[PDB]
Amino acid sequence: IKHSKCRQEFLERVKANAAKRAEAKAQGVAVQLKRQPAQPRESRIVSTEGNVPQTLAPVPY
Amino acid sequence: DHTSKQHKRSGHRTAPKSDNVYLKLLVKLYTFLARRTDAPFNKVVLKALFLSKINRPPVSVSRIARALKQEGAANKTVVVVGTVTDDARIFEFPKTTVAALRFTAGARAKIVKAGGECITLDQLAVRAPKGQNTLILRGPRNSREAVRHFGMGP
Amino acid sequence: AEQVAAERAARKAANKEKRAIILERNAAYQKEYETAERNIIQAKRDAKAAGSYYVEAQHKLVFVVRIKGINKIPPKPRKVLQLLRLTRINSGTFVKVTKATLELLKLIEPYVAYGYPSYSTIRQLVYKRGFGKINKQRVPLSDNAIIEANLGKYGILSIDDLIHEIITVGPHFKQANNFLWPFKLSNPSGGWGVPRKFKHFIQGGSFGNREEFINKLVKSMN
Amino acid sequence: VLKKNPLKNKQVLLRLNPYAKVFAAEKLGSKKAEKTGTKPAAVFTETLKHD
Amino acid sequence: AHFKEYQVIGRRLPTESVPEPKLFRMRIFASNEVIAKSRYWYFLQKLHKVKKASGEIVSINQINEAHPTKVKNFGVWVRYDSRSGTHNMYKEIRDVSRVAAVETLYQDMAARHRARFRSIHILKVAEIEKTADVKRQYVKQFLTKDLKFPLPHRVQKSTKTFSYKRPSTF
Amino acid sequence: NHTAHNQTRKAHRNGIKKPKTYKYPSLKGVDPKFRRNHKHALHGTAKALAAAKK
RNA sequence: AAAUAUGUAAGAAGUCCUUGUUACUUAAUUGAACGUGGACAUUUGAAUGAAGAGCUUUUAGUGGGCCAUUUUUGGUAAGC
RNA sequence: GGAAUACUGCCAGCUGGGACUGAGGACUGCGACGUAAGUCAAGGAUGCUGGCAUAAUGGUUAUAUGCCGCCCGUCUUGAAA
RNA sequence: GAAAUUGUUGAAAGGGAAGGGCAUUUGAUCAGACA
């Protein structure tokens with residue numbers, strides 16, 4: 001009386017595992033087909049030339 | 001904490017419960033061979049020496065006749081750990097070598113009459129230290145009167 | 001017979017080719033760690049000169065230490081504490097930081113204290129309190145040939161190679177960490193610092209995240 | 001029979017890690033870096049000293 | 001503990017279709033580096049919509065005093081949560097550095113008004129440049145010219161449990 | 001009278017396992033019109049694999 | 001329309017090709033089910049853990065419970 | 001404009017005092033110094049000296065002192081009752 | 001000719017109980033080893 005989404009999403013992800021592996025067999029290169037969780041982000045230089053950080057001073061009441 | 005229980009016991013046996021003298025000599029011989037020759041045959045036989053009367057069911061001599069019908073196995077020396085019993089239902093029996101503990105006098109006659117020789121387990125290790133060219137049979141266990149371990153739906 | 005001294009002279013000579021790999025590879029590590037920290041310090045200085053704010057990358061290795069003892073623990077955290085191999089009180093393992101393991105620590109946060117360890121404490125935990133799990137049984141290291149016989153498949157063939165896969169988290173972090181038995185630590189030698197432990201570290205207590213002050217606390221427990 | 005700790009008993013420190021000999025020869029831990037006198041920008045200081 | 005005044009700078013998230021979120025900075029009195037990052041997300045959540053998961057800390061900087069040995073008169077504005085509803089308070093402190101005056105304010109609120117650390121919000125600490133507009137009185141009595149006062153009845157800390165002198169004061 | 005105090009803890013001593021999901025599920029319960037053909041389908045496909053493919 | 005709690009999926013018993021069966025099905029050898037043959041390997045398909053996993057007998061005691069945090073119902077109330 | 005020093009951190013930097021333990025019993029292992037024989041703090045303590053050879057240590061038992069110690073068996077949600 | 005229970009002698013202790021545990025002092029007593 002239902003039908004399921006999440007399995008049909010897995011069935012589309014197997015097709016992605018075929019084409020990546022078939023391409024990487026042609027041009028010799030690593031596959032990396034396992035998923036990963038979220039990762040901590042990297043270092044990035046942030047320039048405050050556009051916008052000066054404004055002070056807050058938590059007064060209101 | 002404790003993830004698992006506690007001091008467990010490996011539920012398997014390490015020594016046979018029998019007080020037979022001659023059986024402990026065969027346990028003494030195969031504990032030598034299993035430690036040294038490292039072929040996986042001896043660990044299977046040594047585990048099979050500790051078993052009870054019920055876990056060693058009798059292998060009928062018609063069951064050895066089935067094992068020689070297999071393709072490319074007409075000269076393997078069959079190894080039974082239990083007893084080999086007679087069976088007068090078959091009529092034509094092969095010529096191979098049987099290695100076992102006990103031979104019933106009806107099954108003793110049928111192998112020697114056909115031509116093959118019957119050999120005990122000490123002469124098995126003298127012939128086959130690694131247990132090359134061997135073939136292990138085990139009798140049936142659910143043919144025992146275990147029709148009675150119950151449920152509402154059988 | 002033979003082999004009176006004929007094989008010993010070659011077997012001792014074979015280890016001379018073995019120690020030569022370890023000596024020059026650790027030179028490549030010591031060059032890397034000092035160039036790692038110089039480039040970060042230069043990155044802040046080059047950003048202040050250009051008027052920019054150099055943020056750091058987030059740390060990717062925490063070190064979790066159990067604090068509360070063994071009983072009166074609810075069922076949701078007690079399963080999570082067993083998955084990090086943190087059975088007994090004052091024990092510790094290294095945890096790779098993802099989205100997944102950050103939510104595990106977020107459950108057991110009133111029981112553990114964790115932060116980001118430096119190279120110094122990792123060098124001092126592996127040498128003094130490091131043990132190895134060899135087919136079972138927790139064998140202490142005391143030798144490079146023990147690691148080389150068990151992690152030779154994965155690269156690693158000296159004890160500093162084990163450290164390098166811990167701090168510079170590599171592809172083989174999971175297999176190199178699971179080789180380590182969980183650390184057995186004493187009570188801290190100076191004290192916990194504060195009167196009560198079971199408040200948050202922001203509120204003076206001991207549990208929670210402290211991000212650098214784990215390096216002062218482990219050296220007492222080391 | 002007995003676990004002899006490294007970081008004391010320097011014989012067992014040289015049992016492991018043979019780089020630890022040449023670490024003491026170049027002294028390698030009390031190292032002086034080549035100094036670079038690079039002054040920070042004026043925008044950073046005026047938000048740091050003042051508000 | 002000994003407080004340290006910090007400068008904490010926050011930038012919500014570089015996202016698609018909105019690059020460069022604006023920026024925000026605050027001056028935080030706290031004991032160490034770990035509190036003042038967490039005390040930063042306390043106030044800055046109340047002012048607009050970010051969270052600790054939705055935000056990130058750009059940089060922290062420890063602000064030392066511009067002139068330590070010069071003696072300053074400090075006016076502090078304080079919002080604290082009493083047992084009734086909260087209300088403002090203005091107090092004046094004569095002390096040495098900026099971060100040392102907040103040390104003697106949390107003692108002053110805890111002694112007289114029974115306010116803990118978690119109830120008080122330091123609004124703004126400012127230096128009163130010229131005198132004669134010092135509104136309170138207990139700061140003002142130390143500002144007369146040629147101030148001289150003795151210290152009568154001094155005690156003497158004795159190390160022995162017995163002394164044979166029948167001791168006298170000053 | 002009735003309570004469920006200490007019942008979840010007794011279930012998690014020997015765990016809560018699955019029905020271990022065999023190959024070849026039992027066709028008892030399937031529509032019999034499918035079962036009656038599927039007998040005759042296997043009886044043919046064992047013949048051609050034995051007669052032809054050898 | 002939250003929060004906490006809760007069901008399933010994260011591959012070998014898998015994907016893909018060629019074509020084999022039958023009395024079911026289709027207008028139709030089209031499907032459906034199970035296959036032969038061939039290609040796909042340790043990053044074989046998220047994290048961490050696994051002080052072995054799995055199955056089977058056989059029986060002992062027990063079937064008067066109580067307390068705390070939080071949510072609650074009857075009761076003004078309660079060590080009800 | 002030039003420093004110094006607090007504070008935090010690092011050292012496979014040096015050196016002095018105190019306490020507890022000596023488990024194991026021919027050889028093997030991994031090493032460091034040396035040009036080599038070898039030696040060495042490197043898979044667990046040896047060398048030197050003194051007193052006494054008996055109630056001296058020690059064992060037992062009686063008492064003294066410091067602290068601790070409600071009466072057993074059973075029924076019970078609950079026993080010193 | 002056992003124990004409860006008792007007599008004499010000998011030792012010892014004792015301000016509203018007695019008995020016990022860990023540790024030593026004092027007093028009584030005692031085995032072992034030194035060629």
# chains A, B, ... in the order shown; residues from 1 in each chain; ligands from 1
>>> residues_around(residues="residue 50 of chain D", least_positions_apart="4", cutoff="10 Å", atoms="only C-alpha atoms (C1' of nucleotides)", output="ChimeraX atom specification")
/D:45-46 /E:63,66
>>> interface_residues(of="chain D", to="chain A", cutoff="9 Å", atoms="only C-alpha atoms", output="PyMOL selection string")
chain D and resi 43+47+51
>>> select_by_dssp(residues="segment 48-97 of chain C", states="alpha helix (DSSP H)", output="PDB file with N, CA, C and O atoms, in the first residue's frame")
ATOM      1  N   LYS C  48      48.682  39.079   8.704  1.00  0.00           N
ATOM      2  CA  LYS C  48      48.655  40.353   9.411  1.00  0.00           C
ATOM      3  C   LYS C  48      49.353  41.439   8.609  1.00  0.00           C
ATOM      4  O   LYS C  48      48.994  42.615   8.707  1.00  0.00           O
ATOM      5  N   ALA C  49      50.364  41.067   7.825  1.00  0.00           N
ATOM      6  CA  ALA C  49      51.033  42.045   6.978  1.00  0.00           C
ATOM      7  C   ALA C  49      50.130  42.489   5.839  1.00  0.00           C
ATOM      8  O   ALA C  49      50.161  43.651   5.424  1.00  0.00           O
ATOM      9  N   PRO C  75      21.639   3.516  29.476  1.00  0.00           N
ATOM     10  CA  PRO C  75      21.938   2.563  28.395  1.00  0.00           C
ATOM     11  C   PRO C  75      22.396   3.202  27.103  1.00  0.00           C
ATOM     12  O   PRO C  75      23.152   2.574  26.355  1.00  0.00           O
ATOM     13  N   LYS C  76      21.936   4.412  26.799  1.00  0.00           N
ATOM     14  CA  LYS C  76      22.391   5.083  25.581  1.00  0.00           C
ATOM     15  C   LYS C  76      23.876   5.452  25.604  1.00  0.00           C
ATOM     16  O   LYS C  76      24.554   5.182  24.599  1.00  0.00           O
ATOM     17  N   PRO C  77      24.461   6.028  26.671  1.00  0.00           N
ATOM     18  CA  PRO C  77      25.907   6.279  26.593  1.00  0.00           C
ATOM     19  C   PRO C  77      26.761   5.057  26.842  1.00  0.00           C
ATOM     20  O   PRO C  77      27.898   5.015  26.364  1.00  0.00           O
ATOM     21  N   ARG C  78      26.264   4.070  27.589  1.00  0.00           N
ATOM     22  CA  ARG C  78      27.111   2.951  27.985  1.00  0.00           C
ATOM     23  C   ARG C  78      27.446   2.064  26.796  1.00  0.00           C
ATOM     24  O   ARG C  78      28.518   1.454  26.752  1.00  0.00           O
ATOM     25  N   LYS C  79      26.560   2.006  25.806  1.00  0.00           N
ATOM     26  CA  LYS C  79      26.911   1.327  24.567  1.00  0.00           C
ATOM     27  C   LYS C  79      27.942   2.126  23.786  1.00  0.00           C
ATOM     28  O   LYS C  79      28.850   1.550  23.180  1.00  0.00           O
ATOM     29  N   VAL C  80      27.834   3.456  23.814  1.00  0.00           N
ATOM     30  CA  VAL C  80      28.753   4.300  23.056  1.00  0.00           C
ATOM     31  C   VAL C  80      30.141   4.281  23.679  1.00  0.00           C
ATOM     32  O   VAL C  80      31.150   4.287  22.964  1.00  0.00           O
ATOM     33  N   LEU C  81      30.219   4.199  25.007  1.00  0.00           N
ATOM     34  CA  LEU C  81      31.509   4.111  25.683  1.00  0.00           C
ATOM     35  C   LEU C  81      32.211   2.796  25.388  1.00  0.00           C
ATOM     36  O   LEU C  81      33.442   2.729  25.406  1.00  0.00           O
ATOM     37  N   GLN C  82      31.453   1.738  25.117  1.00  0.00           N
ATOM     38  CA  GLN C  82      32.084   0.463  24.805  1.00  0.00           C
ATOM     39  C   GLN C  82      32.589   0.434  23.373  1.00  0.00           C
ATOM     40  O   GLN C  82      33.494  -0.336  23.043  1.00  0.00           O
ATOM     41  N   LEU C  83      32.013   1.265  22.503  1.00  0.00           N
ATOM     42  CA  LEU C  83      32.449   1.280  21.111  1.00  0.00           C
ATOM     43  C   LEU C  83      33.745   2.051  20.942  1.00  0.00           C
ATOM     44  O   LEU C  83      34.453   1.871  19.950  1.00  0.00           O
TER      45      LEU C  83
END
>>> residues_around(residues="residue 40 of chain B", least_positions_apart="4", cutoff="12 Å", atoms="only C-alpha atoms (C1' of nucleotides)", output="list in words")
residues 33, 34, 35, 36, 44, 45, 46, 47, 129, 130, 131, 132 and 134 of chain B
>>> residues_around(residues="residue 20 of chain D", least_positions_apart="6", cutoff="10 Å", atoms="only C-alpha atoms (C1' of nucleotides)", output="PyMOL selection string")
(chain C and resi 23+26) or (chain D and resi 10+13-14) or (chain H and resi 12)
>>> write_last_selection(atoms="C-alpha atoms (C1' of nucleotides)", output="PDB file, in the first residue's frame")
ATOM      1  CA  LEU C  23      67.187   6.237  10.369  1.00  0.00           C
ATOM      2  CA  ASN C  26      62.684   9.501  10.562  1.00  0.00           C
TER       3      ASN C  26
ATOM      4  CA  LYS D  10      68.853   5.861  26.991  1.00  0.00           C
ATOM      5  CA  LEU D  13      65.862   4.616  23.621  1.00  0.00           C
ATOM      6  CA  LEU D  14      68.597   3.765  21.133  1.00  0.00           C
TER       7      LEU D  14
ATOM      8  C1'   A H  12      65.593  11.998  22.179  1.00  0.00           C
TER       9        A H  12
END
>>> decode(residues="chain D", atoms="C-alpha atoms", output="JSON list (two decimals), in the first residue's frame")
[["chain", "number", "residue", "atom", "x", "y", "z"],
["D", 1, "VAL", "CA", 60.52, -10.14, 31.62],
["D", 2, "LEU", "CA", 60.54, -6.44, 32.43],
["D", 3, "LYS", "CA", 59.42, -3.36, 30.53],
["D", 4, "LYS", "CA", 62.22, -0.79, 30.55],
["D", 5, "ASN", "CA", 60.81, 2.65, 29.83],
["D", 6, "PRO", "CA", 62.23, 4.96, 27.17],
["D", 7, "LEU", "CA", 62.84, 8.70, 27.89],
["D", 8, "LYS", "CA", 65.04, 7.43, 30.66],
["D", 9, "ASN", "CA", 67.49, 4.50, 30.28],
["D", 10, "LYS", "CA", 68.85, 5.86, 26.99],
["D", 11, "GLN", "CA", 70.13, 2.44, 25.89],
["D", 12, "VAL", "CA", 66.58, 1.25, 25.22],
["D", 13, "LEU", "CA", 65.86, 4.62, 23.62],
["D", 14, "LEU", "CA", 68.60, 3.77, 21.13],
["D", 15, "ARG", "CA", 67.19, 0.26, 20.79],
["D", 16, "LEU", "CA", 64.24, 1.92, 19.10],
["D", 17, "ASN", "CA", 64.57, 5.02, 16.87],
["D", 18, "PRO", "CA", 68.22, 5.32, 15.72],
["D", 19, "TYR", "CA", 67.60, 8.94, 14.70],
["D", 20, "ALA", "CA", 67.81, 9.81, 18.41],
["D", 21, "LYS", "CA", 71.60, 9.77, 18.27],
["D", 22, "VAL", "CA", 71.87, 12.43, 15.56],
["D", 23, "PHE", "CA", 69.10, 14.40, 17.28],
["D", 24, "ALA", "CA", 71.53, 15.17, 20.10],
["D", 25, "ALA", "CA", 74.46, 15.95, 17.82],
["D", 26, "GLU", "CA", 72.78, 18.77, 15.88],
["D", 27, "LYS", "CA", 70.86, 19.43, 19.16],
["D", 28, "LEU", "CA", 67.69, 19.91, 17.04],
["D", 29, "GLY", "CA", 65.29, 20.81, 19.87],
["D", 30, "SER", "CA", 66.66, 24.16, 20.99],
["D", 31, "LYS", "CA", 66.77, 25.51, 17.45],
["D", 32, "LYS", "CA", 66.95, 29.17, 16.48],
["D", 33, "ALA", "CA", 64.81, 30.14, 13.51],
["D", 34, "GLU", "CA", 65.94, 32.80, 11.05],
["D", 35, "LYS", "CA", 64.08, 35.91, 12.13],
["D", 36, "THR", "CA", 61.92, 37.98, 9.77],
["D", 37, "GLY", "CA", 60.94, 41.46, 10.90],
["D", 38, "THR", "CA", 57.55, 41.77, 9.18],
["D", 39, "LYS", "CA", 55.32, 44.46, 10.67],
["D", 40, "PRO", "CA", 51.54, 43.92, 10.71],
["D", 41, "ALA", "CA", 49.04, 46.14, 8.94],
["D", 42, "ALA", "CA", 47.47, 49.30, 10.33],
["D", 43, "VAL", "CA", 43.88, 48.08, 10.00],
["D", 44, "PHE", "CA", 44.51, 45.13, 12.32],
["D", 45, "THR", "CA", 46.03, 47.22, 15.11],
["D", 46, "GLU", "CA", 43.29, 49.85, 15.15],
["D", 47, "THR", "CA", 40.67, 47.19, 15.83],
["D", 48, "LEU", "CA", 42.92, 45.46, 18.37],
["D", 49, "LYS", "CA", 44.09, 48.34, 20.58],
["D", 50, "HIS", "CA", 40.85, 50.27, 20.16],
["D", 51, "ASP", "CA", 37.33, 49.06, 19.45]]
